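Everything below concerns the one structure shown next.
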Ligand SMILES: COCCCCn1c(C(=O)N(CC(C)C)[C@@H]2CNC[C@H](C(=O)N3CCOCC3)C2)ccc1-c1ccccc1
Ligand SMILES: *[C@@H]1O[C@H](CO)[C@@H](O)[C@H](O)[C@H]1NC(C)=O
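In the authors' numbering, the protein residues as written are 4 to 166, 169 to 211, 214 to 340.
Given below as structure tokens:
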């Protein structure tokens, strides 16, 4: 068709980006991460035991208050790199940026405190392909496309650096927003259909890693840039960063002096300065500052792979092109 549509996002502390969707009649509202690294939609269920504290603190979908609910009840387990959610399939009308779709989604009944007690979002809207969808459930974007309303088979992500009288982020469904990028889009083709993943031909500090070529997943649902444990260990040894439990840190004074990190993607060199990857919460030598780069071990067939999360998308406005199986990058502004 001709419609373009946007979802306004909230930026919590540069680590979580999420927007609002409505589910049911009348619409029950949820905060959701829009995630190119997965393909399922889930929100917490009212049938979630309150022994899960995460279900006490998030919005719960109540099927009993929706006149448009359609039962399914097939068990669903979604295993992310950092935690599992479990529950069952349901169908209802999901409203996202003024588009209503009939969507099968997971009602989560099992929701661990880690990491979900630390989540400002309630659930996830997977923006990946049907190939990676658990239960072979049609993803929301595939459903929006079937309706023939959008101007193009594309969606774009803007993640703001600032988090205070400004929008935290934006997703354009059906195009991109020229107000949030500049210069030309650089288009990189995907390795295959089914995964938002591209060939990376080197990771540079100041090339040390990925010299013989590796995979880079473009994961809007992730906070950080992640690599494999051994990839990250060598990167951090080169940065002089100390390994902690869940993050890598430097002494806050050393922060500004940290070298640039480059990702060789599609023939061009995508460079992040220390300002882009260090949480400069201080300049004290008595204080430690977290890096926005950690380890994530992703098993076959998706991994081993690097993941380009919010750290990367903050600098680079990202267009996801389902029609041509490619990703466009442009300088965010
Ligand atoms: C942009 O803002 C998004 C913030 C969400 C980041 N995050 C993840 C997370 O990164 N994910 C899982 C999913 C639930 C949002 C990833 C999303 N993409 C799919 C990833 C995955 O499971 N993979 C990678 C691709 O191959 C399969 C496994 C996991 C886990 C926990 C948190 C979190 C972080 C701070 C506070 C509270 C929670
Ligand atoms: C659940 O959905 C699947 C796929 O659409 C279908 O085969 C099945 O009949 C549904 N089950 C119930 C109990 O509605």
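Quick reminder that beta carbons are idealized off the backbone N, C-alpha and C, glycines included.
Rounded to whole angstroms, the Cβ separation of residue 14 and residue 126 is 18 angstroms, and the two are not in contact under 8 angstroms. With a cutoff of 6 angstroms, residue 80 does not count as near ligand 2, since its C-beta is closer than that to no heavy atom of the ligand.
With 7 angstroms as the limit, the residues whose C-beta approaches any heavy atom of ligand 2 more closely are 74, 75, 76, 77 and 92, in sequence along the chain. If you look at residue 58, you'll find it in the alpha helix (DSSP H) that goes 57 to 60. With contacts defined as CB atoms closer than 7 angstroms, residue 255 and residue 298 qualify as a contacting pair.
For ligand 1, a non-hydrogen atom lies closer than 6 angstroms to the CB of residue 36. In terms of Cβ geometry, residue 161 and residue 20 do not form a close pair [threshold 7 angstroms].
Counting along the chain, residue 192 sits inside the beta strand (DSSP E) bounded by residues 186 to 194.
For residue 96, there is no enclosing alpha helix (DSSP H); the enclosing beta strand (DSSP E) covers residues 86 to 99.
In the same chain as residue 228, and ignoring 5 residues on each side of it, the C-beta atoms closer than 6 angstroms to its own belong to 36, 38 and 40, in chain order. Boundaries of the beta strand (DSSP E) around residue 323: 323 to 328. Looking at the DSSP output, residue 202 sits in a beta bridge with 224. Where residue 107 is concerned, the enclosing beta strand (DSSP E) starts and stops at 102 to 113. Pairing residue 141 with residue 133, the inter-Cα distance amounts to about 6 angstroms. Assignment of beta-bridge partners to residue 331 by DSSP yields no partner. DSSP places residue 146 inside the alpha helix (DSSP H), whose first and last residues are 143 to 149. When secondary structure is reduced to three states using DSSP, residue 19 falls in the strand class. Counting along the chain, residue 47 sits inside the beta strand (DSSP E) bounded by residues 44 to 47. Residue 259 is positioned such that its CB atom lies no closer than 7 angstroms to that of residue 206.
Residue 245 is positioned such that its CB atom lies closer than 7 angstroms to that of residue 215.
In this chain, the beta strand (DSSP E) harbouring residue 233 covers 232 to 234. Taking each of 303, 11, 9 and 58 in turn and checking the Cα distance to residue 223, the smallest one comes out for 303.
Annotated three-state conformation of residue 82 is strand, per DSSP. Within the model, the alpha-carbon separation for residue 306 versus residue 66 is close to 35 angstroms.
Just so you know, the alpha carbons of residue 53 and residue 59 end up roughly 6 angstroms apart.
Collapsing the DSSP output to three states places residue 124 in coil. The region 112 to 128 makes no contact with the region 70 to 79: fewer than 3 CB pairs, one atom from each, lie closer than 8 angstroms. Bounds of the beta strand (DSSP E) holding residue 255 are 255 to 258.
By the criterion of a C-beta distance shorter than 6 angstroms, residue 198 is surrounded in its chain by 332, once the five residues flanking it on both sides are discounted. Take the alpha-carbon of residue 250 and the one of residue 238: they are about 13 angstroms apart.
Residue pairing by DSSP places residue 158 opposite 178 and 327 in a beta bridge. Per DSSP, residue 38 is one residue of the beta strand (DSSP E) stretching across 31 to 38. Taking 7 angstroms as the cut-off, the Cβ atoms of residue 98 and residue 25 count as close.
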